[PDB]
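Reviewing the structure listed below.
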Amino acid sequence: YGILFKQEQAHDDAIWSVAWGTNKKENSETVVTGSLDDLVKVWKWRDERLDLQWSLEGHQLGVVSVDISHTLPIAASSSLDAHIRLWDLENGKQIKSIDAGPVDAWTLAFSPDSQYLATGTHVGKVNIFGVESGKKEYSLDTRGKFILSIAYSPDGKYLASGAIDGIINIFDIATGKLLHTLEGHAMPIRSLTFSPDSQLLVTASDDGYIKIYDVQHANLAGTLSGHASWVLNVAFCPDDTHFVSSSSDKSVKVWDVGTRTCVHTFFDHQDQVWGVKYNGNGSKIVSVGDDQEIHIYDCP
Amino acid sequence: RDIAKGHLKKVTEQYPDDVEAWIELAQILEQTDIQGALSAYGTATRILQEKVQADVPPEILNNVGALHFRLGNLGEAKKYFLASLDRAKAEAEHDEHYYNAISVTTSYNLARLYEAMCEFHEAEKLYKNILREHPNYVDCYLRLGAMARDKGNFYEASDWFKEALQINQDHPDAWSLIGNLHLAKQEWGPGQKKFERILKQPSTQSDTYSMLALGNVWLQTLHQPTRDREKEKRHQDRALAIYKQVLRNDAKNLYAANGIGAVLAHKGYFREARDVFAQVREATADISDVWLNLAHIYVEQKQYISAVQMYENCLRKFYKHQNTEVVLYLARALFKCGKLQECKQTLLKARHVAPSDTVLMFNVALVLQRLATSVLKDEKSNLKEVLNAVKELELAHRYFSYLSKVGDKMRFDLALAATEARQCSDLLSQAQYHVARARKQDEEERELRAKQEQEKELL
Amino acid sequence: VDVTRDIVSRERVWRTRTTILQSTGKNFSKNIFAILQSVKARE
Amino acid sequence: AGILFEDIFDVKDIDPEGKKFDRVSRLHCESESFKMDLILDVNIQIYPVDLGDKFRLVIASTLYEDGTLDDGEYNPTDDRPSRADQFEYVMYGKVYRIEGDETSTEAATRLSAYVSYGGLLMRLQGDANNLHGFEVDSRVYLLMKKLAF
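Residue numbers (the authors' numbering), protein chains in the order written: chain W, 5 to 304; chain Q, 394 to 852; chain X, 218 to 260; chain H, 2 to 150.
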C-alpha cells in the first residue's frame, strides 16, 4: 500500500481529470489526461513507467473531461469551448469536433458499447450525442438547473446524473426514460460512477459524506463520512473490493465499499487532487490535480 | 489570578512533597498558553504514582485530552478521552464525585473530536448516546443539528435549533443560533430585526453578539443606488451609532471597528480606511473578513500587486479551492499582460466549479475582447496570434448571443451588450485588415532567411 | 434533573462568543475614536 | 509616503547557527500575507525579541510622512513629525545588493534585497513585486514594532 510512480510537473497548468484503461484494447497501458494548459497528453504507462506517447492540442479552453472508450482504443476530450473533439490513441490524430454550442458542453460519458456520448446541457437536460455521428440524437427531458455529472454503467443498464442541488436522476439508457430521481443530497453533486456490478451508486456531493445509494430499488445503503473537503473524483476498483475518493484537501482516502472504512490514505499531493482512476486490475491508482503531478499508487 | 500565579511560582521551585501543586498550576494556564497546562499535566500525571499504586483519576486525563483536542494531536487526545472514559467507568463507589458526569463530559469532548476527525457517524452516535440518557442537555442537542446543517439548512438543523430554544429560551447560544438560520436566505433583511431584538431585554444586556448582528444586518442594506434619496446616509449613521455604542462599552472588540472601516470606505475614504483597518489587522489578521476588506483598498489604489496575494491568502484555508466571490474581486482594473491572459485562467477556474453564473460568462467575454483588441488594433505583432485572436473573438461573439437570452441578471439588466457587439464587429474588420500584414511579415522573414543563407554560402 | 447542575458547576468555559469579539491584547479606542472624530469635522 | 514595504512578520527561529555575537542575534522571521522571508540582525540588548513574537516591519525610504527625503545627517533638534514616533526600533541602512532568479531571457520572480544597517545585515527574500522600490545603493529605514496582539 503506497505510491509507485511520481510524475513531477505533469503539466504546465492544473489537471482537472485523468483517464486510464481497464480493458486490453491498448487503453490500460496508456494514460490520457486533460489539463487546463490545453495539452491532451497521451501518457503511455509502459515498462511500469509514465511515458508521454502523444501530445494532443487544439482545445481553446482547458480540458474538462477525459475518458477512455471501453471497447475501443480511441478517445475524446471535452472543454468549455463547446467543441468536443474526438481523438485517437492509435495515431494521435483528431477524429472530429462536435461543436456543442454555444456553451452547452460538460463532462463526457462514453457508453460501454462505445456508441453514445452523454454531455451536460446548461438547460438542465442531458444531451446524448452519437460517437460516429456528432449530431444530437436524443436528449433527456429532465429540466432543472444543470447536469454536473453523467456516468454510464459498465454493462449499460442504468444512468445517473448529478445536478447542482443534489438531485440524482436515474435514467434508463435502454429506453431513455427517467425511472427514479434520488434527492438524498442538497449539495451540488461533483461526480459519481457506477459499481463494477451496477448495483451500488456512489455520489460525490459537497458535504463530505459518501452516501452510497442503490439503483435497483433507488434507496440509500449507508452514509459514509468521507473527507472534510469536497469529494471531487470517485472511482471503483475493477475487482470491486474498494473505491477511492478524491476530495479538495490534498487527501487520497481509499474507502471500503463493503465495510465503509478507510483502508489507506495518501498525502503526497501538496495541493488538492482533481482526478483519481484505477488501473485495469486495481493495484496502480493514478491521480492528478492542481499539483500537476501524476502519482501512481500501488496497493497490491 | 496574579497572586495565584505568584504563589504557584513559590511552590514550583521548592519540593515540599508537592502532589497537587502542579494541578493548580495547569488550572490557571488553560486560558493562557496551552503548552503550559500541558507541561504541568505531564508531570502531575506521573507525580501521582510514587506515593501508592493509584490509577490516574479520569478528571485529569479528560482535561489533558481536552487541551490536545484544540491542538493537532487529535489521535492522542482521542486516546486520552478513551482512557478517561475507561477510568471514570471504574468509579463504582465515587457517587459523590459523580463519575457519570465525568463520563458525560469526556464523551462530549470525544464526540466533539469525532465530528472534527472526518467522522460524523461516530459523532452522531456519541451525541445520541447523551441524548438517550439526559435530554435536559443543550450542547449535545445543539451540536447534532450542526452536523446535518452541512448537508443543507432545511434538514433537522433548523428543527433541532428551534426545539432547543423552547426548552431553554434564556440560552443566548441557542437563541443566537436562531438568527444564524435566517442568514442563509437574506430575504429576511428588514424582518430579522425583530427576531434579533428578542433577548435585547435588560436582563440579557449587555450582549455584544446580538448588537453587532444588528449592525451587520444593517450594513447588508448598503451598496444601493438610492443613496441620493437620503436613505443610505441615514443607514450609515445608524450603523455608526451602533458601532460607537459597542465601542464605548468595549474598546477592545475588533468587530466594532470592522464595520466602522466598512462605512468610512462607503463614505469614500479609502485613504483613511487603511488606518482603521490597521488596528484590526494587527490584532488578528487571521479572520476571513480583513483579508478582503483590506484587499479592496489595495485594488482601489491600482495595487493589484498587493491585492492578488491578499485574495490568494484567503483561499489558503481548507474550505474550498475556487470561490466565485473572491475571483470577482480579483479582476477589477486589470489591463496588464499578467493580468489579462492569466485572469482568464482564474476565471475558468471559477466557472469550472459552477458555470451557471452570468457574471463569469460575461467577464470571460470582456477580457477576451480586451485581449483581442490588444493584438488586432496596434499590432503589427506575431502571426500565429492573429490566427488565434479570431478564434477567441468568434467564441466571444457566440457568447454575446447566448447571454442576451437569459432572463435574470446581476441585479442589472444586460441590455448594454450592443456596444460590445459593435466593438466585435469593427474588431472583425480590423482582423481581416491585419491578417494581410501577417502575410507581409511572412514574405519579409522568408526573404531575410534567404538573404542570410546566401551570406552563409559565401563562407 | 441533577445531571444539569452536576456538570454546569464543575466545568470550565475559557472561551465563549464575546471572548471572540475582543482582541486578546490591549487596543483601546483612544487611537480609534480620535480618527473617528477627525473624519466628522472635515465634512 | 515612501513606504517601500510593509508587512507583519513573526519570529520563527532565533539565532540558529548558534549565537555568534552577544548583543546581536539573527531573527529568521517569515511573513504573514506576502509570504516573504526575512533574515534580520537586531540589537538584542536594547530591543529583545523572543520566539513567536510578531512585529510589524515597515521599510521606508524616508521618515517624514510627506516624503521630503532628508539628507542623511543626524540632527536631533527637529520639530517635523516623523514616522519613527509610532515605532520602537528604527534603523538606517543602505541596500547593498539585489539578487534575483533572473534567467538569461525571461525576468525574475523572486528577488532578495540585502540591506545593511551599519553593519547589521538583513535579507528580504520575497517575490519580485513587493521588492520594487528597492534599488542597490539607496538609503532605507527599518521601523519595526512588536505586536502585543
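All C-beta atoms, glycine included, are put in the ideal place defined by N, C-alpha and C.
In this structure, the beta-carbon distance from H:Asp8 to H:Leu58 falls below 8 Å. Residue-level contact check: H:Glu33 touches chain Q, since one or more beta carbons of chain Q fall below 8 Å from its beta carbon. From the beta-carbon of X:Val256, the residues of chain Q found nearer than 7 Å are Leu657, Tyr662, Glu665. Chain Q has no Cβ within less than 8 Å of the Cβ of H:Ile60. Fully enclosed beta strand (DSSP E) runs of no fewer than 3 residues occupy 93 to 101, 112 to 118, 121 to 126 of the stretch 79 to 129 of chain H, in order along the chain. One finds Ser240, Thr241, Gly242 in chain X with Cβ atoms closer than 7 Å to the Cβ of H:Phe150, taken in chain order. Against chain H, the CB of Q:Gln734 has no partner CB under 8 Å away; the residue lies outside that interface.
W:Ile88: not part of any alpha helix (DSSP H); member of the beta strand (DSSP E) spanning 88 to 92, first to last residue. Sixteen is the threshold: when 16 or more other Cβ atoms of the shown chains lie within 10 Å of the Cβ of W:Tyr213, as they do, the residue is buried.
In this structure, the beta-carbon distance from H:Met37 to H:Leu125 falls below 8 Å. Taking 8 Å as the threshold, the shortest C-beta distance from W:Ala155 to chain Q does not fall below it.
By the rule that beta-carbons nearer than 8 Å mark a contact, Q:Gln738 touches chain W.
At a cut-off of 8 Å, the C-beta of H:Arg84 has no neighbouring C-beta in chain Q. Counting only Cβ-Cβ distances below 7 Å, Q:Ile653 has contacts in chain X at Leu253, in chain order. Taking 8 Å as the upper bound on Cβ-Cβ separation, chain Q lies near residues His189, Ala190, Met191, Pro192 of the stretch 189 to 205 of chain W. Here W:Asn237 carries a strand assignment [DSSP, helix/strand/coil].
With the criterion set as a beta carbon lying under 7 Å from some beta carbon of chain Q, the members of the stretch 270 to 282 of chain W are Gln276, in sequence order. Closer than 7 Å at the C-beta level to chain H, one finds these residues of the stretch 680 to 699 of chain Q: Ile698. Per DSSP, the continuous beta strand (DSSP E) segment holding W:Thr185 begins and ends at 181 to 186.
The DSSP assignment places complete alpha helix (DSSP H) segments of no fewer than 4 residues inside the stretch 728 to 775 of chain Q at 730 to 744, 751 to 766, in order along the chain. Closer than 8 Å to the CB of X:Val218 there is at least one CB belonging to chain Q. Between the alpha carbons of W:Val235 and Q:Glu417 lies a gap of roughly 46 Å. Between H:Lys13 and H:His29, the C-beta spacing is below 8 Å.
By the criterion of a C-beta distance shorter than 7 Å, H:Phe135 is surrounded in its chain by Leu5, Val96, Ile99, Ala114, once the five residues flanking it on both sides are discounted. Counting only the Cα atoms, Q:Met510 lies some 43 Å from Q:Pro409.
When rounded, the separation of the alpha-carbon atoms in Q:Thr499 and W:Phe240 is 38 Å.
Within the DSSP secondary-structure output, W:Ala23 pairs in a beta bridge with W:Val36. Under the Cβ criterion (8 Å, minimum of three pairs), the stretch 673 to 687 of chain Q does not count as touching the stretch 17 to 26 of chain H. Residue pairing from DSSP places H:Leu148 in a beta bridge opposite H:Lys55. Scanning chain H for C-beta atoms nearer than 9 Å to the C-beta of Q:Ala678 yields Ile9, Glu33, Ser34, reported in chain order.
A residue is called buried when at least 16 other Cβ atoms come within 10 angstroms of its Cβ; W:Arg89 meets this threshold and is buried. The Cβ atoms of W:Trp24 and W:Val35 sit closer than 8 Å to each other. CA-CA distance, Q:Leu506 to X:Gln254, rounds to 47 Å.
Each residue's CA atom was taken as its position, placing H:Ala129 and Q:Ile698 some 10 Å apart. By the neighbour-count criterion, in which 16 or more other beta carbons inside 10 Å mark a residue as buried, H:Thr104 falls on the exposed side.
Q:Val719: member of the alpha helix (DSSP H) spanning 717 to 723, first to last residue.
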